[PDB]
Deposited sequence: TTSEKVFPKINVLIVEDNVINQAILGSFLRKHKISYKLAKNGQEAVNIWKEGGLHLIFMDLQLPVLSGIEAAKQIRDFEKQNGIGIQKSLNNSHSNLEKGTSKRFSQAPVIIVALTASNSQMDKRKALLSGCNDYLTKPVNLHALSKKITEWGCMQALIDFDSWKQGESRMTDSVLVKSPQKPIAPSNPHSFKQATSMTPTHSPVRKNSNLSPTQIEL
(Lines of atoms letter the chains of each structure in order from A and count residues from 1; the text may use other names and numbers.)
(Lines give C-alpha, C1' and ligand atoms only; values in the text may rest on other atoms or scores of the structure.)
Protein backbone atom coordinates (compact mmCIF):
# COMPACT_ATOMS: atom_id res chain seq x y z
CA UNK A 1 0.00 0.00 0.00
CA UNK A 2 0.89 3.71 -0.12
CA UNK A 3 2.39 5.33 2.97
CA UNK A 4 2.35 9.08 3.66
CA UNK A 5 5.62 11.01 3.53
CA UNK A 6 5.75 12.03 7.20
CA UNK A 7 8.50 12.30 9.80
CA UNK A 8 8.20 9.88 12.72
CA UNK A 9 9.81 9.71 16.17
CA UNK A 10 9.81 6.47 18.18
CA UNK A 11 10.82 6.75 21.84
CA UNK A 12 11.64 3.55 23.74
CA UNK A 13 14.09 2.71 26.53
CA UNK A 14 15.40 -0.42 24.76
CA UNK A 15 17.56 -0.34 21.64
CA UNK A 16 16.20 -3.74 20.58
CA UNK A 17 12.67 -2.32 20.60
CA UNK A 18 13.96 0.69 18.66
CA UNK A 19 15.48 -1.55 15.98
CA UNK A 20 12.21 -3.45 15.50
CA UNK A 21 10.08 -0.35 14.93
CA UNK A 22 12.86 1.33 12.97
CA UNK A 23 13.10 -1.66 10.63
CA UNK A 24 9.45 -1.21 9.66
CA UNK A 25 9.91 2.50 8.95
CA UNK A 26 13.13 1.87 7.01
CA UNK A 27 11.47 -0.86 4.94
CA UNK A 28 8.74 1.58 3.83
CA UNK A 29 11.11 4.55 3.28
CA UNK A 30 9.73 6.55 6.23
CA UNK A 31 12.08 9.18 7.65
CA UNK A 32 12.46 8.81 11.40
CA UNK A 33 14.56 9.62 14.45
CA UNK A 34 15.28 7.69 17.64
CA UNK A 35 14.97 8.90 21.24
CA UNK A 36 16.21 7.17 24.40
CA UNK A 37 13.99 8.86 26.99
CA UNK A 38 11.39 11.60 27.28
CA UNK A 39 13.84 14.48 27.63
CA UNK A 40 15.39 13.55 24.28
CA UNK A 41 11.92 13.34 22.72
CA UNK A 42 11.12 16.90 23.80
CA UNK A 43 14.48 18.16 22.54
CA UNK A 44 14.11 16.32 19.22
CA UNK A 45 10.57 17.67 18.83
CA UNK A 46 11.89 21.20 19.39
CA UNK A 47 14.00 20.72 16.25
CA UNK A 48 10.75 20.74 14.26
CA UNK A 49 9.57 18.69 11.31
CA UNK A 50 7.90 15.90 13.28
CA UNK A 51 4.43 14.67 12.33
CA UNK A 52 3.91 11.46 14.33
CA UNK A 53 5.45 10.36 17.64
CA UNK A 54 5.29 6.80 19.00
CA UNK A 55 6.24 7.28 22.63
CA UNK A 56 6.39 4.86 25.55
CA UNK A 57 4.68 6.11 28.70
CA UNK A 58 7.37 4.81 31.08
CA UNK A 59 10.80 6.28 30.29
CA UNK A 60 13.99 6.50 32.39
CA UNK A 61 14.75 10.21 32.71
CA UNK A 62 11.43 11.89 31.82
CA UNK A 63 8.24 9.85 31.54
CA UNK A 64 6.31 9.84 28.28
CA UNK A 65 3.34 11.33 30.14
CA UNK A 66 5.29 14.41 31.23
CA UNK A 67 7.00 14.65 27.83
CA UNK A 68 3.61 14.65 26.09
CA UNK A 69 2.29 17.30 28.47
CA UNK A 70 5.48 19.31 27.93
CA UNK A 71 5.01 19.13 24.15
CA UNK A 72 1.33 20.10 24.34
CA UNK A 73 2.16 23.04 26.60
CA UNK A 74 4.86 24.27 24.22
CA UNK A 75 2.42 24.00 21.31
CA UNK A 76 -0.08 26.25 23.08
CA UNK A 77 2.56 28.90 23.82
CA UNK A 78 3.47 29.05 20.11
CA UNK A 79 -0.15 29.13 18.94
CA UNK A 80 -0.56 25.53 17.78
CA UNK A 81 -3.85 23.69 18.22
CA UNK A 82 -2.54 33.87 5.37
CA UNK A 83 0.19 35.56 7.41
CA UNK A 84 1.83 32.31 8.55
CA UNK A 85 0.74 28.81 7.57
CA UNK A 86 -1.11 27.00 10.35
CA UNK A 87 1.33 24.41 11.69
CA UNK A 88 -0.67 21.38 12.75
CA UNK A 89 -0.11 19.84 16.20
CA UNK A 90 2.10 16.77 16.27
CA UNK A 91 0.36 13.41 16.59
CA UNK A 92 1.45 11.43 19.65
CA UNK A 93 0.65 7.71 19.86
CA UNK A 94 1.31 6.37 23.35
CA UNK A 95 2.81 2.93 23.98
CA UNK A 96 0.81 1.59 26.92
CA UNK A 97 1.40 -1.44 29.13
CA UNK A 98 -2.03 -3.11 28.88
CA UNK A 99 -5.36 -2.58 27.11
CA UNK A 100 -7.17 -1.35 30.23
CA UNK A 101 -9.25 1.83 30.26
CA UNK A 102 -6.99 3.32 32.96
CA UNK A 103 -3.97 2.98 30.69
CA UNK A 104 -6.01 4.54 27.87
CA UNK A 105 -7.30 7.54 29.84
CA UNK A 106 -3.84 8.24 31.27
CA UNK A 107 -2.60 8.62 27.69
CA UNK A 108 -5.61 10.63 26.48
CA UNK A 109 -5.57 12.98 29.49
CA UNK A 110 -1.84 13.57 28.89
CA UNK A 111 -2.36 14.88 25.35
CA UNK A 112 -1.85 11.74 23.26
CA UNK A 113 -4.01 11.24 20.18
CA UNK A 114 -4.06 7.42 20.17
CA UNK A 115 -2.51 4.45 21.97
CA UNK A 116 -0.85 1.10 21.27
CA UNK A 117 -0.27 -1.71 23.76
CA UNK A 118 3.16 -3.29 24.23
CA UNK A 119 4.69 -5.34 22.74
CA UNK A 120 3.96 -3.15 19.73
CA UNK A 121 2.17 -5.04 16.96
CA UNK A 122 3.78 -4.24 13.61
CA UNK A 123 0.45 -4.64 11.83
CA UNK A 124 -1.13 -2.27 14.35
CA UNK A 125 1.88 0.05 14.04
CA UNK A 126 1.26 0.17 10.28
CA UNK A 127 -2.44 0.98 10.65
CA UNK A 128 -1.69 3.85 13.04
CA UNK A 129 0.74 5.38 10.53
CA UNK A 130 -1.81 5.33 7.70
CA UNK A 131 -4.75 6.40 9.87
CA UNK A 132 -2.97 9.46 11.29
CA UNK A 133 -0.30 10.14 8.67
CA UNK A 134 -2.63 10.19 5.66
CA UNK A 135 -4.87 12.76 7.39
CA UNK A 136 -1.84 15.05 7.62
CA UNK A 137 -0.82 14.43 4.00
CA UNK A 138 -4.26 14.47 2.34
CA UNK A 139 -7.19 16.87 2.67
CA UNK A 140 -10.49 15.57 4.09
CA UNK A 141 -9.11 12.02 4.39
CA UNK A 142 -11.55 10.39 6.82
CA UNK A 143 -9.71 7.59 8.61
CA UNK A 144 -12.88 6.86 10.61
CA UNK A 145 -14.62 5.81 7.37
Mind pulling out the bits of the deposited sequence that never got modelled, as residue ranges from 1? 1 to 4, 86 to 101, 166 to 218
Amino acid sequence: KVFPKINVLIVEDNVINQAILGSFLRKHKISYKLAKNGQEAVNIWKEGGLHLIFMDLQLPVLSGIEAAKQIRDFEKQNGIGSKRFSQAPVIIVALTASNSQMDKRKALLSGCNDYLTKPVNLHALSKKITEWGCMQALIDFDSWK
From here on, numbers count along this sequence of modelled residues.
Highest mean C-alpha temperature factor of the two stretches 46 to 54 and 101 to 109, which is it? 101 to 109
Selected stretch [higher average CA B-factor]: 84 to 92 or 31 to 39: 84 to 92
Position of residue 120 among the chain's modelled residues by C-alpha B-factor, lowest, middle or highest third: lowest
